[PDB]
Amino acid sequence: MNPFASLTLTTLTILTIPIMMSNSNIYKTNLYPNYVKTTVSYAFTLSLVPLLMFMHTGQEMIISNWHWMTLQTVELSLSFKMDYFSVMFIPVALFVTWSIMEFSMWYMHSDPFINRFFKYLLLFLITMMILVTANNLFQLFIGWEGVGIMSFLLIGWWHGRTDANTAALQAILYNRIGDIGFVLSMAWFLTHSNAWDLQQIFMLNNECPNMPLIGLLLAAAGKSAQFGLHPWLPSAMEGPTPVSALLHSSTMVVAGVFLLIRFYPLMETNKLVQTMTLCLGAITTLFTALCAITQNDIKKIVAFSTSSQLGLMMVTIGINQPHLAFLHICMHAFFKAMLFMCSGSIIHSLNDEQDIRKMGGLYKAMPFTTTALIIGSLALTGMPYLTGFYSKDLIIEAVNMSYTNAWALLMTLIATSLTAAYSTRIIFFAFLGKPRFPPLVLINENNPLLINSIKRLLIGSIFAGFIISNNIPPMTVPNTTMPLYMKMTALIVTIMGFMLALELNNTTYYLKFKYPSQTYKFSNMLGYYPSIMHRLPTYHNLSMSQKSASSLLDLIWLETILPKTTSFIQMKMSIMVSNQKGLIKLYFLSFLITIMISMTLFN
Amino acid sequence: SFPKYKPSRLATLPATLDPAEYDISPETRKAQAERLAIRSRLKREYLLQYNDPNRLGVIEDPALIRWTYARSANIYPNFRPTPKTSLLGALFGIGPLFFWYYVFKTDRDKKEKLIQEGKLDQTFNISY
Amino acid sequence: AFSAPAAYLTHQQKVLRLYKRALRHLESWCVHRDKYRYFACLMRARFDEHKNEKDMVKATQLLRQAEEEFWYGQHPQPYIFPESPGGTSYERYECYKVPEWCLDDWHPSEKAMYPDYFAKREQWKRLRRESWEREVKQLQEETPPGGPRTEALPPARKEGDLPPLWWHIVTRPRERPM
Amino acid sequence: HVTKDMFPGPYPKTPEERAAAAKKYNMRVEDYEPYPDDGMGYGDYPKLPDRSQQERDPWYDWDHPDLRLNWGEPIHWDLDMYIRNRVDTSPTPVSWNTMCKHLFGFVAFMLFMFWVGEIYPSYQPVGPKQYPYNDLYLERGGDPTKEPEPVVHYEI
Amino acid sequence: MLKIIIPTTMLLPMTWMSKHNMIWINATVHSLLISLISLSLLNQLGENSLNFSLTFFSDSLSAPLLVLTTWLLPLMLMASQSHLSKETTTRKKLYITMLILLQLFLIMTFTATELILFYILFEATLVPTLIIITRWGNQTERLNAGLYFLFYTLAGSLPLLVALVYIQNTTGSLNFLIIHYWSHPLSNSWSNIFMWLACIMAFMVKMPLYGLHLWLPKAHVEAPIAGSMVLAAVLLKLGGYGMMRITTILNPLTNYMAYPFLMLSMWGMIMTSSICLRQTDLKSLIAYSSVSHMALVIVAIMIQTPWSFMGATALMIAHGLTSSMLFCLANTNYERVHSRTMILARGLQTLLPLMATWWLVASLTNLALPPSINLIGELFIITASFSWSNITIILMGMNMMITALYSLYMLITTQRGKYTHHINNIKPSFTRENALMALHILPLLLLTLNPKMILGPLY
Ligand SMILES: CCCCCCCCCCCCCCCCCC(=O)OC[C@H](COP(=O)([O-])OCC(O)COP(=O)([O-])OC[C@@H](COC(=O)CCCCCCCCCCCCCCCCC)OC(=O)CCCCCCCCCCCCCCCCC)OC(=O)CCCCCCCCCCCCCCCCC
Ligand SMILES: CCCCCCCCCCCCCCCCC[C@@H](O)O[C@H](CO[C@H](O)CCCCCCCCCCCCCCC)COP(=O)(O)OCC[N+](C)(C)C
Ligand SMILES: CCCCCCCC/C=C/CCCCCCCC(=O)OC[C@H](COP(=O)(O)OCCN)OC(=O)CCCCCCC/C=C/CCCCCCCC
């Protein structure tokens, strides 16, 4: 009976079986990672069927299967939404996870706890599937917190390293800052709309007020690492390369953008929140690209690229184009995941070297990673007919052909320029010059796992944009007419960025040296934001937490008021009363005094 | 000449930029010698207690005991009622309470007035 | 890291350390090898000009002034080796470093495996028990009165003697235990 | 195994007790400096410099390599705030004031230009989008029993 | 109700007539059997209550608390079995007798059809706890902690007895059923204001309120592991149960009256969560986290809405289990290290991996990770407060963030990093400790499947 529901629940269910078998004997053998990888691949090829059913018919469904607790009028149930977004995002995420695990079987070959690593990866995948398929706000919050906790665990994978623990706590802190707005949104929706269910919320909110949308925007900014709460995403590179390639690049970090996409019927009916989202996305993409164009760590550069892409996604959201932002999510997953595969291959081949100053000629020394990175950089930049072109070109056209802010449009164009800039920076400083690695050459790629995992995402980043764009139904009005110069704005900006950054990098061979300027220092230290904001508030908090809350009030004044005052008063009274020298003279004089006082007072 | 680096509380002076280190004197050298002598005596005691095979227990650290005792149990007996202590305690223990009371009282008064006149539009509000 | 520190740093130690830091930061600035070689030789030549200077006050004037210049152009993001205290793999494998005495707590069924290892460990334990008893007296007699002045330990001087306080230096887990 | 005299006491006033307290905390008399004698119960605990643990030498063989501390050395009052997992005081290549002003300046400039762009938006040389049936009245909200004002859209 | 009370009474002769080396086995088995017997009470009705007799009744607010109180005793026995090893048989029997008497007093307290009987048992629970704290305590400050714990409670509760006898003199009955059906409004008068204060402050002191929370760190730090467990898990919930029971008579006076308490709790949760960040002690940190959670419960009770009451009940149960688990973990560390300071023993995940997993789960459930019942109560109380006022959320937001911080801080200081080189007496974790943690944690993850079972009478 209508196999859509059975298949779309079976994928998620079979995604959980290795977690059940994690206590079995297979978990103690060396075949566990292959078991998990095969399970993920079968889940992907099984979830491909509901995608085909949607493409044929446009069939949509809600599955509210298990009834959880019901409080008064409100009903809470295990409900799954399998809308276009869910049935479209699930296959892409499963394919990316399959490639990531295939790569990780080789990248984590010498890691003693590799079964636990694979288990951690599968748990994150399950939680993200829960987040994507959620129909009510409570299940979505469950996935929201689960992905954050798995990210905390995976970032601090090497728990003997202080900086990994610091980065994990940073991620938790920023995610809780977003969680504040998430909880505000949940509370407002329950109080005013009387439900956490998606269907009820859309129905009873024809003109959504500011507060729930501001809460949703705060949560999205927290989880997507916008300018206010950006540094945790670059700081999350402390984890293993597969963790950075799966979670912090293509699947987890689009959680905020996906959440804002989920509530697009209420986003389109408000004009202020749209403006805030647009401005936040523009400033985030600009600042992150500006920081990226000057970094030396390849992982940092690519993470800043991811953050800039998230900013571009929220720019797309702010101009009331949620479906196009979803398409951007799907394409960016492919090509940015493959970009991290290439980066991790380079890092592993250079004996855990991440600085680009110690990598020179790799165009010929290692060709397959070379062509994969070239194709990924071309797709990111937006080459016509490439995967990037289908989404990013429409992004540029829609931002240009809309009643938006002039400053936001300018910042988006500059962000595109800087994207081209750091792309050519990566290529030039990792691939073209003379070798700069230590003399003992350990460069090797002849491994089936790495090659197959990279080439699958290569086929994806070549053909997925074309096939998906021509297979999905049309969902928005096109900009079918456009000035010729304004149609070519994206290409001319990209080529200008290429040529200018190439010229600026080509002057490094010159035998002339000068000290850096203030702009370079500002861009290299991340706008000085991670310095001040990670030293001024925390100290000012922690000191207070010891000086005022702990010692001044709790240890001293609260103690002075009730217990110490009582002790002192009772001690003084006892000393005064009991200090009698035993002279009956004084006793009987007091007796006479009280006798006469009683004779004078009580009658 | 080059622009000068200005130290702050959260960004201290660099080790190699202190004017004090370049001013060397026999008294300073003797001070450093006795500092390193104390450090080496403590290190020798710790390693003597550390290496021994017979010992099978945590080595007790008097410095840690002093730190914890001073942080926790030595505060009140050394307290003295002082204008600084009085004003800081009164502020940090009373001001936030009255501030939040004022804020919430004003909010609830506004809400109560709006519900009395009825221009609040509480449709679909059934759970509280 | 292995050697004991000194009570102070001499002028030549300071100039050598400044030379090391400046050359490393110039290598960080000059990505390519030929540019780095040219500028490093230019810097070495500049450095050697004041080599035969005898005035101590002038000597103090030199390098400290250079240090301010070094601080101005110190390449805010210098290159750091992966295992260095600022590297990206500084403490990656500290979580795999398990102490040796933990083996004393293994179940006998676990000690049934690897019997030769535990026999050699027993020989090591016997050697430690004898050597420590010798070392206590040796260090007591060799230490200067009033407490040690420098945290450096003397070597063994007899035939059957072992270096004092050797057990926890020899029995380090490994650099990369797993 | 710690005795009564080994615990912190009241503030030192005389040089003899100052020297005795300096001896208690295993430091020099000249290096010993208690906190200023106010109401807060610092008592007789040394005021070590407010420098963090991150900028301590990472090559010295500490007894606690992760915390960068030695066994018998005195402990800073705010140690748990400086544990390399928290706020640090390591000097930066750029001065604190320059970063603050530069950071503050960048943020302020961005806020002002976004406001200006809100004041001066961008659009196209076009009129508003036109919709067929009374500006989609029946299927945007409904209310068919009101018969709103009809609108005819201009043919050009 | 006697089917639970009589076996608990029979626990005493069984313990005292037990063989010298079979007390722990006999006590644990029969305590678990009594806990199983207590499970029958959970099947509540949507109607009035389970009125067994004139003296005792059951309610879906009383039933989860009774089940938790019964379940806590085997855990306390297993935790106490370790450090009482070098102790004479008579004193171990006395310890078990005190635990049994505490359970009996709590069981009679939670049913308690009449308010004077409730007060008598509510204050009878005080003696066994005081004796346990001041007798089998390690440090020399256990006497001062016992004095604080006794006198805070009695100063709070002495006006309550006068208020109760006055209320019975005026109304004519102290029975809960009669009081609920015959409740009449209290006029806003000075005498009524002082009657409200006398009725409320006794339960406020035991939560405890932020102003009156000083006794709790002393009592928790100085008590043995069983004492800490019973204080954090059950004894703190007595104030919340008393407030929920006695608040019915108080209206409409509660609205004006509630502001001083609402502000104190909303600021004190922030203050105590921030205090947790700078602590050198595990037990003190857990105590302050308990203070923050109970401040939130105070806010929920004072708002006095249905969602508030359900959230308060769920949060009380979840906090009891979580805090008992946290104290058990800290005690397992202390029994090896004998220091009870976080910064000394470090990197315990490398040496004890399963115990580190238990630490992670306990810190996650203290952090209120969904869909755990901790977050269920958290979210219900937060929503009720938002409906009460849209500004409260800001404070709540801070609280949540701060909570997570110190939780993971406690997880990072002791489990992650590098193990202290000198400590070598860290033996592998015993089966008893792992069983203790499993028996602490499994009920939470079972209850999250059936939240309505702990949501109180207003479900
Ligand atoms: C309407 C007509 C449309 C056509 C328009 C015109 C077409 C193009 C014309 C070209 C225009 C300029 C393009 C060249 C950019 C400059 C590149 C350069 O020379 O850098 C070297 C040079 C210094 O290099 P260095 O210190 O020696 O570094 C040593 C080695 O090179 C170390 O090198 P390394 O190996 O470590 O790494 C190399 C890296 C390191 O290089 C860097 O340091 C990068 C830093 C500067 C480049 C960033 C430019 C992006 C500008 C956006 C700024 C947004 C507003 C920010 C507000 C700040 C408020 C304070 O360089 C790169 O990778 C490439 C840099 C990025 C260039 C590629 C894309 C830029 C072209 C797009 C710009 C706009 C066109 C949009 C297109 C759409 C059409 C509308 O940079 C500069 O001199 C800065 C020039 C411009 C900076 C503007 C900010 C000045 C702010 C001063 C205060 C203003 C008052 C504020 C008051 C506020 C109070 C409330
Ligand atoms: C220390 C840690 C915390 C401990 C617990 C603290 C919580 C208990 C505090 C009690 C809260 C307030 C008590 C009385 C509130 C009544 C409302 C009053 O504040 O408002 C005005 C009252 O005005 C003035 O407040 C009059 C009273 C002034 C004298 C009270 C002392 C003020 C500060 C003392 C605080 C010390 C508390 C602790 C004692 C040990 C309203 O004016 P009015 O319409 O006319 O009176 C209405 C009441 N009627 C109808 C019964 C007549
Ligand atoms: C910190 C707790 C909060 C304390 C707030 C106030 C503290 C200052 C008060 C100090 C004690 C004052 C003692 C005298 C109070 C007199 C109140 C009174 O008599 O009202 C009784 C009232 C009406 O009297 P009638 O004459 O019978 O009525 C006929 C005419 N209408 O009847 C009652 O309600 C009796 C209830 C007893 C009142 C309680 C008295 C004690 C104060 C209330 C408790 C607050 C302090 C709690 C201590 C906290 C420590 C944890």
# chains A, B, ... in the order shown; residues from 1 in each chain; ligands from 1
>>> select_by_dssp(residues="segment 32-70 of chain E", states="alpha helix (DSSP H)", output="list in words")
residues 32, 33, 34, 35, 36, 37, 38, 62, 63, 64, 65, 66, 67, 68, 69 and 70 of chain E
>>> write_last_selection(atoms="N, CA and C atoms", output="CSV table (one decimal), in the first residue's frame")
chain,number,residue,atom,x,y,z
E,32,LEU,N,14.6,-4.0,47.3
E,32,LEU,CA,14.2,-4.1,45.9
E,32,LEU,C,12.8,-4.7,45.8
E,33,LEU,N,12.5,-5.7,46.6
E,33,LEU,CA,11.1,-6.2,46.6
E,33,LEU,C,10.1,-5.2,47.0
E,34,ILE,N,10.4,-4.4,48.1
E,34,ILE,CA,9.5,-3.4,48.5
E,34,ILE,C,9.3,-2.3,47.4
E,35,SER,N,10.4,-2.0,46.7
E,35,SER,CA,10.2,-1.1,45.6
E,35,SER,C,9.3,-1.6,44.5
E,36,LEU,N,9.4,-2.9,44.2
E,36,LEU,CA,8.5,-3.5,43.3
E,36,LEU,C,7.1,-3.4,43.7
E,37,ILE,N,6.8,-3.6,45.0
E,37,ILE,CA,5.5,-3.5,45.6
E,37,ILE,C,4.9,-2.1,45.5
E,38,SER,N,5.8,-1.1,45.6
E,38,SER,CA,5.5,0.3,45.4
E,38,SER,C,5.0,0.8,44.1
E,62,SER,N,2.0,12.2,44.5
E,62,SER,CA,2.6,11.4,45.5
E,62,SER,C,3.2,10.1,45.0
E,63,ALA,N,2.6,9.4,44.0
E,63,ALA,CA,3.0,8.1,43.6
E,63,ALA,C,4.4,8.1,43.0
E,64,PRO,N,4.8,9.0,42.1
E,64,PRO,CA,6.2,9.0,41.6
E,64,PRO,C,7.2,9.3,42.7
E,65,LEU,N,6.9,10.2,43.7
E,65,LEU,CA,7.8,10.5,44.8
E,65,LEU,C,7.9,9.2,45.7
E,66,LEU,N,6.8,8.5,45.9
E,66,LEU,CA,6.9,7.3,46.7
E,66,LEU,C,7.7,6.2,46.0
E,67,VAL,N,7.5,6.1,44.7
E,67,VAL,CA,8.3,5.1,44.0
E,67,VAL,C,9.8,5.4,44.0
E,68,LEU,N,10.1,6.7,43.8
E,68,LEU,CA,11.5,7.1,43.9
E,68,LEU,C,12.1,6.9,45.3
E,69,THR,N,11.4,7.2,46.3
E,69,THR,CA,11.8,7.0,47.7
E,69,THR,C,12.1,5.6,48.0
E,70,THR,N,11.2,4.7,47.5
E,70,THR,CA,11.5,3.3,47.7
E,70,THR,C,12.7,2.8,46.9
>>> residues_near_ligand(ligand="ligand 2", cutoff="9 Å", atoms="only C-alpha atoms and all ligand atoms", output="MDAnalysis selection string")
(chainID A and resid 558 561:562) or (chainID E and resid 187:194 197 201 204:205 209:213 256:261 264)
>>> interface_residues(of="chain D", to="chain C", cutoff="12 Å", atoms="only C-alpha atoms", output="VMD selection string")
chain D and resid 54 to 63 65 to 66 91 to 95
>>> residues_around(residues="segment 275-280 of chain E", least_positions_apart="4", cutoff="9 Å", atoms="only C-alpha atoms", output="ChimeraX atom specification")
/A:542-543,545-546,549-550 /B:68,71-72 /D:80-81 /E:270-271,284-289,341-343,402-403,405-407,409-410
>>> residues_around(residues="segment 52-63 of chain A", least_positions_apart="5", cutoff="6 Å", atoms="only C-alpha atoms", output="PDB file with N, CA and C atoms, in the first residue's frame")
ATOM      1  N   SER A  79       5.872  12.192  14.754  1.00  0.00           N
ATOM      2  CA  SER A  79       5.420  12.567  13.425  1.00  0.00           C
ATOM      3  C   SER A  79       6.615  12.905  12.547  1.00  0.00           C
ATOM      4  N   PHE A  80       6.610  12.354  11.339  1.00  0.00           N
ATOM      5  CA  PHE A  80       7.655  12.554  10.353  1.00  0.00           C
ATOM      6  C   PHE A  80       7.070  13.245   9.131  1.00  0.00           C
ATOM      7  N   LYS A  81       7.744  14.298   8.685  1.00  0.00           N
ATOM      8  CA  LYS A  81       7.380  15.002   7.464  1.00  0.00           C
ATOM      9  C   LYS A  81       8.332  14.576   6.355  1.00  0.00           C
ATOM     10  N   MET A  82       7.767  14.123   5.242  1.00  0.00           N
ATOM     11  CA  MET A  82       8.539  13.643   4.106  1.00  0.00           C
ATOM     12  C   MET A  82       8.283  14.539   2.906  1.00  0.00           C
ATOM     13  N   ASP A  83       8.409  15.846   3.115  1.00  0.00           N
ATOM     14  CA  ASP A  83       8.107  16.817   2.077  1.00  0.00           C
ATOM     15  C   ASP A  83       9.215  16.797   1.027  1.00  0.00           C
TER      16      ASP A  83
END
>>> residues_around(residues="segment 359-367 of chain E", least_positions_apart="6", cutoff="7 Å", atoms="only C-alpha atoms", output="list in words")
residues 322, 325, 326, 374, 403, 404, 407, 408 and 411 of chain E
>>> write_last_selection(atoms="N, CA, C and O atoms", output="short mmCIF file (atom, residue, chain, number, x, y, z; two decimals), in the first residue's frame")
data_model
loop_
_atom_site.label_atom_id
_atom_site.label_comp_id
_atom_site.auth_asym_id
_atom_site.auth_seq_id
_atom_site.Cartn_x
_atom_site.Cartn_y
_atom_site.Cartn_z
N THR E 322 19.22 12.36 38.73
CA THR E 322 20.48 12.86 38.18
C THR E 322 21.46 13.25 39.28
O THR E 322 22.65 12.94 39.19
N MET E 325 22.94 10.24 40.97
CA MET E 325 23.98 9.67 40.13
C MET E 325 25.27 10.48 40.20
O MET E 325 26.37 9.91 40.28
N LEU E 326 25.16 11.81 40.15
CA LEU E 326 26.35 12.65 40.18
C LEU E 326 27.11 12.50 41.49
O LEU E 326 28.35 12.41 41.50
N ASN E 374 14.27 15.54 32.17
CA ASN E 374 14.85 16.79 32.65
C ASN E 374 14.44 17.95 31.75
O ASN E 374 13.94 18.98 32.23
N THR E 403 24.15 26.44 32.60
CA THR E 403 24.09 25.06 33.06
C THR E 403 24.98 24.18 32.20
O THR E 403 25.95 23.60 32.70
N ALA E 404 24.75 24.21 30.89
CA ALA E 404 25.54 23.37 29.99
C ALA E 404 27.02 23.58 30.26
O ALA E 404 27.75 22.61 30.52
N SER E 407 28.32 21.93 33.43
CA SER E 407 28.20 20.48 33.29
C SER E 407 29.39 19.94 32.50
O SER E 407 30.16 19.12 33.01
N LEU E 408 29.61 20.49 31.31
CA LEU E 408 30.73 20.00 30.51
C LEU E 408 32.05 20.35 31.16
O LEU E 408 33.02 19.59 31.04
N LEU E 411 32.77 17.68 33.27
CA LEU E 411 33.12 16.52 32.46
C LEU E 411 34.54 16.64 31.92
O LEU E 411 35.21 15.63 31.67
#
>>> interface_residues(of="chain C", to="chain E", cutoff="8 Å", atoms="only C-alpha atoms", output="PyMOL selection string")
chain C and resi 94-96+98+101-102+105
